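One chain follows as structure tokens, the form deposited in one PDB entry.
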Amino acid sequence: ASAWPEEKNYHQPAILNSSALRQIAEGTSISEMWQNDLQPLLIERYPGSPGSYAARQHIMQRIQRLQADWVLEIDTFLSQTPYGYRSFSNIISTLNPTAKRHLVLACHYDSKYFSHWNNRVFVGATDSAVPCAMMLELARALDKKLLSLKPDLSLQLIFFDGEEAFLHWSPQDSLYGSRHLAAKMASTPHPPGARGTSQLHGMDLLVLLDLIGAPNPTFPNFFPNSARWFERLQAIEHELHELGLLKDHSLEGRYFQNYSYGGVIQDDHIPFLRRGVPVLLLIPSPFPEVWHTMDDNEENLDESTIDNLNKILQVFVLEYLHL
């Protein structure tokens, strides 16, 4: 019985030097992301809505235009909800589908349902349009390097549907897409033909982004089994900073601070965490001031903070995949 599922326990990053770091910082464009990946997603997109359909087409189209060999799958299912049975569709974008191991980045593309109020519409800018856009900008920025993948380890992106409760949170009303996908992955043999390993055993680490985009985010070190990766985020943030590659940034106001947070946060990582998947959680604590409010809009986003996190995330991914 091969011990490949244990390889993630010992995987070490291939650290980028200064020159490569400047290259990555210069390779990403916050303005390009803003216009081409984020704005099209700032629309009402709760499950089953026209906006949900449009967001999916946007996410799919932006990935399909890239050179790397992304395999796109739409995972569609029915679930009971407070409003009766409804259909949901997770979007999975995978490089090297038969690769045994994958580093996984994830977020949710649905927006929380609210009836229009005073002609205001909830578009969930930090929740989670920006994370969706950061993942698309990461695919774009690193396209040339990812193309070379065409450790038996690759990259996967998941855009969950139905993360949000239709009413207020309850065990049965929330995480529709991730509860569904986690059980499906746990019961799908991997790699193809495998006798006793599942897609879940194949997930090296789930990097989950949500509620990102507000000013001064502080991300705590949530879990001991991914602490050494949280430390790499800190090391990367620190070096990008020292090299003068971040904007409007200081170490005292650093994003990754090593304080723990013991409580549970309800988001898409939960169904995976509870089945044994190591999670690196990029959800700040406290949550943005505009959380679940009509003010979670474009106007309240912090552009240089998103740009800074894009650089950190991209360096982290390259170092993880040895690219």
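Start at 1 with the first residue shown and count on from there.
Absent from the display: the form solved in complex with a small molecule. The rest refers to it.
* Proximity to the small molecule in the entry with it bound, single hit among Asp210, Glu137, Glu237, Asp161 (heavy atom within 4.5 Å) -> Result of the distance check: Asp210.
Choose from 64-72, 50-58, 25-33, 258-266 the stretch whose residues reach within 4.5 Å of the small molecule in the entry with it bound, heavy atoms counted. Of the options, only 258-266 has residues within 4.5 Å of the partner.
Worksheet item: Hey, in the entry with it bound, does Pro288 get a heavy atom within 4.5 angstroms of the small molecule?
Response: Yes, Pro288 lies within 4.5 Å of the small molecule in the entry with it bound.
Item to complete: Report yes if any heavy atom of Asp127 sits within 4.5 Å of a heavy atom of the small molecule in the entry with it bound; otherwise report no.
Response: Taking the distances in the entry with it bound, the answer for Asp127 is yes, it comes within 4.5 Å of the small molecule.
(message) Can you tell me whether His292 touches the small molecule? I mean in the entry with it bound, with a 4.5 angstroms heavy atom cut-off.
(response) Yes, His292 sits close enough to the small molecule in the entry with it bound that at least one of its heavy atoms falls within 4.5 Å.
Give a yes/no on whether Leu42 approaches the small molecule to within 4.5 Å in the entry with it bound, heavy atoms considered. Residue-level check for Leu42: no, no contact with the small molecule.
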